[PDB]
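What follows is the content of work_25.pdb, which has PDB, C-alpha atoms (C1' of nucleotides):
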```
ATOM      1  CA  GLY A  39      10.899  23.113  34.036
ATOM      2  CA  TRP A  40      13.562  24.328  31.593
ATOM      3  CA  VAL A  41      16.718  22.162  30.871
ATOM      4  CA  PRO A  42      18.242  22.556  27.367
ATOM      5  CA  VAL A  43      19.708  20.206  24.807
ATOM      6  CA  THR A  44      21.487  22.127  21.958
ATOM      7  CA  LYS A  45      24.676  24.146  22.643
ATOM      8  CA  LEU A  46      22.758  27.202  21.458
ATOM      9  CA  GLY A  47      20.006  26.498  23.982
ATOM     10  CA  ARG A  48      22.578  26.181  26.757
ATOM     11  CA  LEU A  49      24.144  29.489  25.730
ATOM     12  CA  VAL A  50      20.736  31.162  25.775
ATOM     13  CA  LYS A  51      20.057  29.777  29.247
ATOM     14  CA  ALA A  52      23.410  31.091  30.460
ATOM     15  CA  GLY A  53      22.512  34.555  29.107
ATOM     16  CA  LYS A  54      25.268  35.388  26.606
ATOM     17  CA  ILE A  55      23.030  35.505  23.509
ATOM     18  CA  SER A  56      21.128  38.779  24.015
ATOM     19  CA  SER A  57      18.582  38.825  21.158
ATOM     20  CA  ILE A  58      17.525  36.667  18.160
ATOM     21  CA  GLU A  59      19.370  39.107  15.881
ATOM     22  CA  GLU A  60      22.679  37.423  16.725
ATOM     23  CA  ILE A  61      21.185  34.022  15.922
ATOM     24  CA  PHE A  62      19.908  35.316  12.595
ATOM     25  CA  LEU A  63      23.349  36.721  11.779
ATOM     26  CA  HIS A  64      25.001  33.327  12.410
ATOM     27  CA  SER A  65      22.022  31.432  10.886
ATOM     28  CA  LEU A  66      21.982  29.184  13.940
ATOM     29  CA  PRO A  67      19.336  26.421  14.065
ATOM     30  CA  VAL A  68      16.747  26.531  16.862
ATOM     31  CA  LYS A  69      15.439  22.966  17.221
ATOM     32  CA  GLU A  70      14.443  23.807  20.796
ATOM     33  CA  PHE A  71      11.460  26.167  21.149
ATOM     34  CA  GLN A  72      11.887  27.900  24.547
ATOM     35  CA  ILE A  73      14.889  29.907  23.369
ATOM     36  CA  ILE A  74      12.699  31.976  21.072
ATOM     37  CA  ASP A  75      10.263  32.641  23.917
ATOM     38  CA  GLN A  76      13.126  33.743  26.156
ATOM     39  CA  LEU A  77      14.407  36.082  23.487
ATOM     40  CA  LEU A  78      11.065  37.563  22.433
ATOM     41  CA  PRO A  79       8.392  37.945  25.142
ATOM     42  CA  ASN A  80       5.917  39.684  22.773
ATOM     43  CA  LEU A  81       4.863  36.682  20.649
ATOM     44  CA  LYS A  82       1.248  37.060  19.537
ATOM     45  CA  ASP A  83       0.097  33.630  18.336
ATOM     46  CA  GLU A  84      -2.946  33.666  16.041
ATOM     47  CA  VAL A  85      -4.604  30.548  14.608
ATOM     48  CA  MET A  86      -5.473  31.095  10.948
ATOM     49  CA  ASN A  87      -7.516  27.988  10.181
ATOM     50  CA  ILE A  88      -7.960  24.309  10.981
ATOM     51  CA  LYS A  89      -8.820  21.850   8.195
ATOM     52  CA  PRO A  90     -10.178  18.504   9.278
ATOM     53  CA  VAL A  91      -8.190  15.928   7.325
ATOM     54  CA  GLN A  92      -9.028  12.250   6.728
ATOM     55  CA  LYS A  93      -6.997   9.198   5.767
ATOM     56  CA  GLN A  94      -9.400   6.495   4.500
ATOM     57  CA  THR A  95      -9.347   3.110   6.289
ATOM     58  CA  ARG A  96     -10.766  -0.444   5.942
ATOM     59  CA  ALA A  97     -13.370   0.820   8.423
ATOM     60  CA  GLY A  98     -14.156   4.556   8.552
ATOM     61  CA  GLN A  99     -11.547   7.345   8.387
ATOM     62  CA  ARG A 100      -8.734   8.944  10.448
ATOM     63  CA  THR A 101      -9.864  12.486  11.332
ATOM     64  CA  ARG A 102      -6.908  14.760  12.157
ATOM     65  CA  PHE A 103      -6.693  18.569  12.244
ATOM     66  CA  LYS A 104      -4.217  20.599  10.152
ATOM     67  CA  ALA A 105      -4.035  23.700  12.368
ATOM     68  CA  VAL A 106      -2.265  26.687  10.772
ATOM     69  CA  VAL A 107      -0.747  29.228  13.183
ATOM     70  CA  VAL A 108       0.926  32.595  12.537
ATOM     71  CA  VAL A 109       3.131  34.072  15.266
ATOM     72  CA  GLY A 110       4.523  37.606  15.548
ATOM     73  CA  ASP A 111       4.836  40.906  17.424
ATOM     74  CA  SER A 112       5.434  44.306  15.749
ATOM     75  CA  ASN A 113       9.252  44.296  15.616
ATOM     76  CA  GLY A 114       9.753  42.613  12.229
ATOM     77  CA  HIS A 115       9.599  38.902  13.126
ATOM     78  CA  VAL A 116       7.106  36.237  11.967
ATOM     79  CA  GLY A 117       6.593  32.509  12.344
ATOM     80  CA  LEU A 118       4.331  30.192  10.341
ATOM     81  CA  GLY A 119       3.557  26.834  11.919
ATOM     82  CA  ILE A 120       1.551  23.962  10.450
ATOM     83  CA  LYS A 121       0.752  20.762  12.337
ATOM     84  CA  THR A 122      -1.901  18.061  11.897
ATOM     85  CA  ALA A 123      -2.817  16.069  15.020
ATOM     86  CA  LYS A 124      -6.022  14.425  16.299
ATOM     87  CA  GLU A 125      -6.489  16.367  19.571
ATOM     88  CA  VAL A 126      -7.243  19.906  18.417
ATOM     89  CA  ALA A 127      -5.694  21.906  21.252
ATOM     90  CA  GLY A 128      -2.573  19.740  21.126
ATOM     91  CA  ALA A 129      -2.321  20.262  17.370
ATOM     92  CA  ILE A 130      -2.642  24.018  17.835
ATOM     93  CA  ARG A 131       0.106  23.967  20.459
ATOM     94  CA  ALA A 132       2.358  21.998  18.125
ATOM     95  CA  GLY A 133       1.708  24.497  15.331
ATOM     96  CA  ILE A 134       2.572  27.372  17.665
ATOM     97  CA  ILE A 135       5.804  25.646  18.654
ATOM     98  CA  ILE A 136       6.704  25.127  15.002
ATOM     99  CA  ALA A 137       6.031  28.799  14.274
ATOM    100  CA  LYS A 138       8.247  29.818  17.182
ATOM    101  CA  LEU A 139      11.027  27.560  15.896
ATOM    102  CA  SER A 140      10.727  29.096  12.444
ATOM    103  CA  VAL A 141      10.562  32.730  13.599
ATOM    104  CA  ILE A 142      12.286  34.701  10.846
ATOM    105  CA  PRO A 143      13.275  38.407  10.514
ATOM    106  CA  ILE A 144      11.841  40.946   8.047
ATOM    107  CA  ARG A 145      13.670  43.812   6.369
ATOM    108  CA  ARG A 146      11.283  46.745   6.761
ATOM    109  CA  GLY A 147      12.159  49.588   4.378
ATOM    110  CA  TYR A 148      10.952  52.940   3.107
ATOM    111  CA  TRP A 149       8.030  53.475   0.797
ATOM    112  CA  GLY A 150       9.887  56.520  -0.582
ATOM    113  CA  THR A 151      12.170  58.869   1.426
ATOM    114  CA  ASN A 152      13.320  57.989   4.964
ATOM    115  CA  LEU A 153      11.701  60.680   7.166
ATOM    116  CA  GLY A 154      10.189  58.488   9.950
ATOM    117  CA  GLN A 155      10.460  54.839  11.034
ATOM    118  CA  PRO A 156      10.095  52.072   8.403
ATOM    119  CA  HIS A 157       6.888  49.981   8.232
ATOM    120  CA  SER A 158       6.671  48.739   4.648
ATOM    121  CA  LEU A 159       8.827  46.156   2.883
ATOM    122  CA  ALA A 160      12.048  47.353   1.207
ATOM    123  CA  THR A 161      11.793  45.805  -2.249
ATOM    124  CA  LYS A 162       9.187  44.146  -4.429
ATOM    125  CA  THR A 163       9.525  40.609  -3.049
ATOM    126  CA  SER A 164       7.535  37.507  -3.936
ATOM    127  CA  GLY A 165       7.157  33.908  -2.802
ATOM    128  CA  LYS A 166       5.749  30.640  -4.108
ATOM    129  CA  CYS A 167       4.147  27.422  -2.816
ATOM    130  CA  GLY A 168       2.217  25.005  -5.025
ATOM    131  CA  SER A 169       0.096  27.289  -7.180
ATOM    132  CA  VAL A 170       0.179  30.333  -4.971
ATOM    133  CA  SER A 171       2.402  33.283  -5.768
ATOM    134  CA  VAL A 172       2.135  35.980  -3.115
ATOM    135  CA  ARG A 173       3.819  39.147  -4.374
ATOM    136  CA  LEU A 174       4.326  41.895  -1.805
ATOM    137  CA  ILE A 175       4.879  45.345  -3.338
ATOM    138  CA  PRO A 176       5.953  48.089  -0.901
ATOM    139  CA  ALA A 177       3.210  50.631  -0.198
ATOM    140  CA  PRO A 178       3.252  54.320   0.726
ATOM    141  CA  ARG A 179       2.456  55.494   4.279
ATOM    142  CA  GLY A 180      -1.013  55.141   5.833
ATOM    143  CA  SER A 181      -2.205  53.140   2.795
ATOM    144  CA  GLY A 182      -2.602  50.022   4.918
ATOM    145  CA  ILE A 183      -2.223  46.305   4.431
ATOM    146  CA  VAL A 184      -3.845  45.700   1.055
ATOM    147  CA  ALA A 185      -4.168  41.908   1.223
ATOM    148  CA  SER A 186      -6.162  38.699   1.586
ATOM    149  CA  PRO A 187      -7.396  38.403   5.169
ATOM    150  CA  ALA A 188      -4.862  35.805   6.294
ATOM    151  CA  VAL A 189      -2.095  37.631   4.453
ATOM    152  CA  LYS A 190      -3.122  40.910   6.097
ATOM    153  CA  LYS A 191      -3.053  39.246   9.514
ATOM    154  CA  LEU A 192       0.421  37.875   8.813
ATOM    155  CA  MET A 193       1.619  41.329   7.777
ATOM    156  CA  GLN A 194       0.192  42.817  10.977
ATOM    157  CA  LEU A 195       1.968  40.174  13.038
ATOM    158  CA  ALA A 196       5.240  40.956  11.253
ATOM    159  CA  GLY A 197       4.932  44.682  12.001
ATOM    160  CA  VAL A 198       4.626  45.703   8.366
ATOM    161  CA  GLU A 199       2.213  48.629   8.679
ATOM    162  CA  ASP A 200       1.603  49.396   4.976
ATOM    163  CA  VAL A 201       1.925  47.031   1.969
ATOM    164  CA  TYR A 202       0.371  46.050  -1.396
ATOM    165  CA  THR A 203      -0.110  42.394  -2.425
ATOM    166  CA  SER A 204      -0.921  40.414  -5.574
ATOM    167  CA  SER A 205      -1.822  36.878  -4.471
ATOM    168  CA  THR A 206      -2.203  34.748  -7.623
ATOM    169  CA  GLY A 207      -3.020  31.125  -8.348
ATOM    170  CA  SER A 208      -5.378  29.338  -5.933
ATOM    171  CA  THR A 209      -5.297  31.637  -2.896
ATOM    172  CA  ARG A 210      -8.064  29.661  -1.138
ATOM    173  CA  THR A 211      -5.539  26.896  -0.413
ATOM    174  CA  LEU A 212      -5.062  29.072   2.656
ATOM    175  CA  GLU A 213      -2.105  27.257   4.211
ATOM    176  CA  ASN A 214      -0.288  27.280   0.882
ATOM    177  CA  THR A 215      -0.928  31.010   0.508
ATOM    178  CA  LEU A 216       0.419  31.632   3.999
ATOM    179  CA  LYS A 217       3.535  29.606   3.202
ATOM    180  CA  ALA A 218       4.060  31.615   0.018
ATOM    181  CA  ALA A 219       3.716  34.860   1.960
ATOM    182  CA  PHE A 220       6.259  33.641   4.511
ATOM    183  CA  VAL A 221       8.675  32.739   1.720
ATOM    184  CA  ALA A 222       8.249  36.195   0.191
ATOM    185  CA  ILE A 223       8.938  37.811   3.560
ATOM    186  CA  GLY A 224      12.081  35.707   3.962
ATOM    187  CA  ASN A 225      13.246  36.754   0.497
ATOM    188  CA  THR A 226      13.291  40.412   1.774
ATOM    189  CA  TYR A 227      16.541  39.589   3.669
ATOM    190  CA  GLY A 228      18.344  37.977   0.751
ATOM    191  CA  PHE A 229      17.529  40.572  -1.890
ATOM    192  CA  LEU A 230      20.776  42.554  -2.167
ATOM    193  CA  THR A 231      20.548  46.349  -2.191
ATOM    194  CA  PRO A 232      23.160  49.081  -2.809
ATOM    195  CA  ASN A 233      22.866  49.763   0.932
ATOM    196  CA  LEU A 234      24.570  46.388   1.579
ATOM    197  CA  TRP A 235      27.286  46.602  -1.137
ATOM    198  CA  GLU A 236      29.715  47.690   1.620
ATOM    199  CA  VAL A 237      31.777  44.814   3.014
ATOM    200  CA  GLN A 238      31.231  43.454   6.545
ATOM    201  CA  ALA A 239      33.802  42.061   8.976
ATOM    202  CA  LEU A 240      32.445  38.518   9.558
ATOM    203  CA  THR A 241      32.085  38.454  13.357
ATOM    204  CA  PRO A 242      32.899  35.287  15.356
ATOM    205  CA  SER A 243      29.736  33.420  16.401
ATOM    206  CA  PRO A 244      28.568  32.971  20.016
ATOM    207  CA  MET A 245      28.918  29.206  19.455
ATOM    208  CA  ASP A 246      32.649  29.663  18.732
ATOM    209  CA  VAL A 247      33.298  32.370  21.368
ATOM    210  CA  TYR A 248      31.295  31.054  24.348
ATOM    211  CA  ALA A 249      32.189  27.411  23.604
ATOM    212  CA  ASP A 250      33.161  26.473  27.189
ATOM    213  CA  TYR A 251      29.769  27.607  28.589
ATOM    214  CA  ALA A 252      27.908  25.773  25.821
ATOM    215  CA  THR A 253      28.051  21.936  25.764
ATOM    216  CA  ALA A 254      27.644  19.655  28.798
ATOM    217  CA  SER A 255      30.228  19.272  31.581
TER     218      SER A 255
ATOM    219  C1'   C B   1     -36.540 -55.569 -17.149
ATOM    220  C1'   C B   2     -34.731 -60.347 -19.299
ATOM    221  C1'   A B   3     -32.497 -65.518 -20.208
ATOM    222  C1'   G B   4     -29.993 -68.847 -21.703
ATOM    223  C1'   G B   5     -30.862 -73.130 -26.052
ATOM    224  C1'   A B   6     -25.384 -75.709 -28.593
ATOM    225  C1'   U B   7     -20.437 -76.047 -32.551
ATOM    226  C1'   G B   8     -17.068 -76.757 -28.829
ATOM    227  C1'   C B   9     -11.492 -76.936 -25.909
ATOM    228  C1'   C B  10     -14.266 -77.724 -22.023
ATOM    229  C1'   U B  11     -11.893 -80.862 -17.590
ATOM    230  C1'   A B  12     -12.633 -85.125 -14.078
ATOM    231  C1'   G B  13      -7.289 -80.053 -13.177
ATOM    232  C1'   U B  14      -2.909 -76.403 -10.741
ATOM    233  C1'   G B  15      -1.951 -74.228  -6.324
ATOM    234  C1'   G B  16      -2.833 -73.486  -0.050
ATOM    235  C1'   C B  17      -2.344 -79.036   5.459
ATOM    236  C1'   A B  18      -5.406 -82.470  -2.642
ATOM    237  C1'   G B  19      -7.982 -86.525   0.287
ATOM    238  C1'   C B  20     -13.176 -84.915  -0.916
ATOM    239  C1'   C B  21     -12.793 -80.670   2.394
ATOM    240  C1'   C B  22     -13.153 -76.509   1.647
ATOM    241  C1'   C B  23     -10.632 -71.735  -0.474
ATOM    242  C1'   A B  24      -9.426 -69.312  -4.456
ATOM    243  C1'   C B  25      -7.205 -69.591 -10.010
ATOM    244  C1'   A B  26      -7.992 -72.251 -15.127
ATOM    245  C1'   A B  27     -13.280 -73.983 -20.277
ATOM    246  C1'   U B  28     -11.982 -69.710 -27.363
ATOM    247  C1'   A B  29     -16.827 -68.600 -28.964
ATOM    248  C1'   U B  30     -20.826 -67.754 -29.291
ATOM    249  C1'   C B  31     -24.620 -68.423 -33.733
ATOM    250  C1'   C B  32     -29.893 -64.921 -31.654
ATOM    251  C1'   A B  33     -27.122 -60.842 -30.000
ATOM    252  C1'   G B  34     -33.459 -62.044 -29.366
ATOM    253  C1'   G B  35     -38.474 -61.379 -26.012
ATOM    254  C1'   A B  36     -41.560 -58.853 -21.855
ATOM    255  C1'   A B  37     -42.854 -53.401 -19.083
ATOM    256  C1'   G B  38     -41.977 -48.635 -21.205
ATOM    257  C1'   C B  39     -42.758 -47.050 -26.768
ATOM    258  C1'   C B  40     -42.904 -39.626 -30.929
ATOM    259  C1'   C B  41     -48.045 -39.163 -29.944
ATOM    260  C1'   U B  42     -54.770 -37.659 -29.936
ATOM    261  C1'   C B  43     -59.364 -37.349 -28.395
ATOM    262  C1'   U B  44     -61.850 -38.388 -24.350
ATOM    263  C1'   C B  45     -63.891 -39.867 -18.168
ATOM    264  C1'   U B  46     -64.039 -33.136 -18.919
ATOM    265  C1'   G B  47     -59.094 -31.007 -13.981
ATOM    266  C1'   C B  48     -57.627 -26.197 -10.967
ATOM    267  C1'   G B  49     -55.249 -22.247 -12.218
ATOM    268  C1'   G B  50     -55.025 -18.524 -15.734
ATOM    269  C1'   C B  51     -59.412 -14.550 -16.464
ATOM    270  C1'   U B  52     -60.470 -10.030 -15.312
ATOM    271  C1'   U B  53     -61.778  -7.588 -11.959
ATOM    272  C1'   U B  54     -63.719  -4.698  -8.443
ATOM    273  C1'   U B  55     -62.927  -4.447  -2.208
ATOM    274  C1'   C B  56     -58.959  -3.899   0.918
ATOM    275  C1'   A B  57     -54.619  -5.082   3.418
ATOM    276  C1'   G B  58     -49.800  -8.366   4.438
ATOM    277  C1'   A B  59     -46.753  -5.858   3.725
ATOM    278  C1'   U B  60     -42.026  -6.069   1.362
ATOM    279  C1'   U B  61     -38.257  -1.786   4.804
ATOM    280  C1'   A B  62     -34.151   2.878   7.357
ATOM    281  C1'   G B  63     -37.497   5.758   3.872
ATOM    282  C1'   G B  64     -39.714   5.166  -1.064
ATOM    283  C1'   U B  65     -40.904   3.479  -6.296
ATOM    284  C1'   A B  66     -42.527  -0.848  -9.611
ATOM    285  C1'   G B  67     -44.022  -5.780  -9.144
ATOM    286  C1'   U B  68     -45.714 -10.018  -5.720
ATOM    287  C1'   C B  69     -48.719 -12.657  -1.489
ATOM    288  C1'   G B  70     -54.028 -13.302   1.157
ATOM    289  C1'   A B  71     -60.466 -13.806   1.737
ATOM    290  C1'   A B  72     -65.515 -13.290  -2.421
ATOM    291  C1'   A B  73     -68.197 -15.201  -9.323
ATOM    292  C1'   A B  74     -66.814 -16.517 -14.986
ATOM    293  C1'   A B  75     -63.220 -20.667 -20.142
ATOM    294  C1'   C B  76     -58.656 -23.203 -20.489
ATOM    295  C1'   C B  77     -55.566 -30.143 -17.302
ATOM    296  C1'   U B  78     -41.368 -12.950  -6.057
ATOM    297  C1'   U B  79     -41.860 -11.584  -1.573
ATOM    298  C1'   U B  80     -37.937  -9.303  -5.678
ATOM    299  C1'   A B  81     -36.217  -5.668  -8.983
ATOM    300  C1'   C B  82     -34.856  -0.827  -8.355
ATOM    301  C1'   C B  83     -34.144   4.614  -6.312
ATOM    302  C1'   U B  84     -32.521   8.061  -1.565
ATOM    303  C1'   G B  85     -30.191   8.873   3.792
ATOM    304  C1'   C B  86     -24.111  11.899   8.403
ATOM    305  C1'   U B  87     -19.070  16.458  11.059
ATOM    306  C1'   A B  88     -15.020  21.219  15.265
ATOM    307  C1'   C B  89     -11.909  23.746  20.139
TER     308        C B  89
END
```

As structure tokens:
Amino acid sequence: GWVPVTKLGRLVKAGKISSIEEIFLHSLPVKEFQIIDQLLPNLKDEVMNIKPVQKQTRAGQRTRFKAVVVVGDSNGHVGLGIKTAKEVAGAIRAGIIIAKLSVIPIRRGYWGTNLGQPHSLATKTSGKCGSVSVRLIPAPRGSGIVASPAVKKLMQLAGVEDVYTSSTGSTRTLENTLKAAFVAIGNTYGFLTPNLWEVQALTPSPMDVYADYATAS
RNA sequence: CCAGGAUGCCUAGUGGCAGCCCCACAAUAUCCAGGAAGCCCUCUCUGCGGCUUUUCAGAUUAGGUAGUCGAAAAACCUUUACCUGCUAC
């Protein structure tokens, strides 16, 4: 049971978009969820927490469940998904889906000197959500994920192997903290370096190129 | 709770089948505006609700606190107010 809406989805189904890298390059929206799955088979989905959450009513209260989910692998991709529904499993599923939709790349750079493969962040990057500022400072090697538990988990999911944090403001608003972390991660690709001064060609997108295969008949 | 005594226009009425034969409408004042039962009240013929109580309890309820109700001897004519009770795959 597949069947896509979204030109992009159709393209993916056809098999002309190879990896999510291309998508990232052409900042293409992924409203459908299955595409991500197709691209990346190694999605580890981990539920961070579930707040019960209550609207107050003329009689009693409306218990729903704000399930927070973090999704990753070890390649340099993460997703953060928040949903609040009444059935818990359903809510969790929704959260997972959201995370998948989000899934966003991470620029993993070098501590200091290249030598081996990169598993820290490139630059000192930070995020913000409400009153949580998660600041991720790049570590040295072997020094680990120095972070709040949730944050650490997120880092692990991403495939950041070593990193320092400085989570400030009310970190115990766990969801908020997670969001902040995600934002910070995103900011990695966005922070210009002297490595990317050099000018790129601007490639044509798959949406432009494979336009006949995309869209309905 | 009470009633009219008389200075008077009253007026021998006007209406509706006046006709005597019933209906309704028309006669200022009134001088008194006065009498009877009840009348602020205090001792009696010396009443039944107080005085404490001690016994308990009915209970009052979701639980409890403080009061209140019921059966036994001594002068005097409310069953309510208020505290304390519950959470994820």

Identify every residue of chain B that has at least one atom within 10 Å of any atom of chain A, counting all atoms listed in the file, and report the result as a PDB file with C-alpha atoms (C1' of nucleotides), in the coordinates of the input.
```pdb
ATOM      1  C1'   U B  87     -19.070  16.458  11.059  1.00  0.00           C
ATOM      2  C1'   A B  88     -15.020  21.219  15.265  1.00  0.00           C
ATOM      3  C1'   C B  89     -11.909  23.746  20.139  1.00  0.00           C
TER       4        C B  89
END
```

Residues matched by the PyMOL selection byres ((chain B and resi 47-54) around 12) as a PyMOL selection string: chain B and resi 45-46+55-56+72-77

Exercise: region 76-85 of chain A partners within 8 Å, all atoms listed in the file, chain neighbours under 4 positions left out, as a PyMOL selection string: chain A and resi 56-58+72+105-111+130+134+195

Return as a PyMOL selection string the set of residues that the PyMOL selection byres ((chain A and resi 152-160) around 10) yields on the displayed structure. chain A and resi 112-114+144-151+161-163+174-180+182-183+193+196-202+223+226-227+229+231

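In this model, the gap between CA of residue 166 (chain A) and CA of residue 206 (chain A) comes to 9.6 Å.
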
Please give the centre and size of the box around region 32-50 of chain B (axis-aligned, containing every atom listed in the file, 4 Å added per side), with values in Å to one decimal and written as lines of an AutoDock Vina configuration file.
```
center_x = -45.6
center_y = -41.7
center_z = -21.3
size_x = 44.9
size_y = 54.4
size_z = 28.7
```

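Minimum distance to residue 247 (chain A) across A:43, A:184, A:55, A:222 (counting only C-alpha atoms) occurs at A:55.
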
Written as a PyMOL selection string, what is the full residue list that the PyMOL selection byres ((chain A and resi 207) around 7) yields on the file shown? chain A and resi 169-171+206+208-209

Close residues, region 33-38 of chain B itself excluded, 12 Å, all atoms listed in the file, min 4 positions apart in chain, as a PyMOL selection string: chain B and resi 1-5

What does the file look like for those residues with C-alpha atoms (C1' of nucleotides), as a PDB file, in the coordinates of the input?
```pdb
ATOM      1  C1'   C B   1     -36.540 -55.569 -17.149  1.00  0.00           C
ATOM      2  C1'   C B   2     -34.731 -60.347 -19.299  1.00  0.00           C
ATOM      3  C1'   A B   3     -32.497 -65.518 -20.208  1.00  0.00           C
ATOM      4  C1'   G B   4     -29.993 -68.847 -21.703  1.00  0.00           C
ATOM      5  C1'   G B   5     -30.862 -73.130 -26.052  1.00  0.00           C
TER       6        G B   5
END
```

Point-to-point distance in Å for CA of residue 136 (chain A) and CA of residue 42 (chain A):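 Value for the CA of residue 42 (chain A)-CA of residue 136 (chain A) distance: 17.1 Å.
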
Taking (31.1, 24.1, 30.4) as a centre in this file's frame and 12 Å as the limit, can you find every polymer residue with an atom that close, using all atoms listed in the file, and give them as a PyMOL selection string? chain A and resi 45+48-49+52+248-255

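Note that the spacing between CA of residue 67 (chain A) and CA of residue 116 (chain A) amounts to 15.8 Å.
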
Applying 8 Å and all atoms listed in the file, which residues near region 61-68 of chain B remain after dropping the ones on its own chain fewer than 5 positions away? List them as a VMD selection string. chain B and resid 78 to 85

Looking at B:57, B:7, B:42, B:69, which one is nearest to residue 28 (chain B), with distances taken over all atoms listed in the file?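 Answer, going by the shortest atom-to-atom distance: B:7.
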
Nearest to residue 133 (chain A) among A:165, A:71, A:181, A:219, with distances taken over all atoms listed in the file: which residue is it?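 When distances to residue 133 (chain A) are compared using all atoms listed in the file, the smallest one comes from A:71.
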
Report as a JSON list (two decimals) with C-alpha atoms, keeping the file's coordinate frame all protein, DNA and RNA residues lying within 7 Å of residue 141 (chain A), evaluated on only C-alpha atoms (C1' of nucleotides), omitting residues in the same chain fewer than 4 positions from it.
```json
[["chain", "number", "residue", "atom", "x", "y", "z"],
["A", 115, "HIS", "CA", 9.60, 38.90, 13.13],
["A", 116, "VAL", "CA", 7.11, 36.24, 11.97],
["A", 117, "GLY", "CA", 6.59, 32.51, 12.34],
["A", 137, "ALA", "CA", 6.03, 28.80, 14.27]]
```
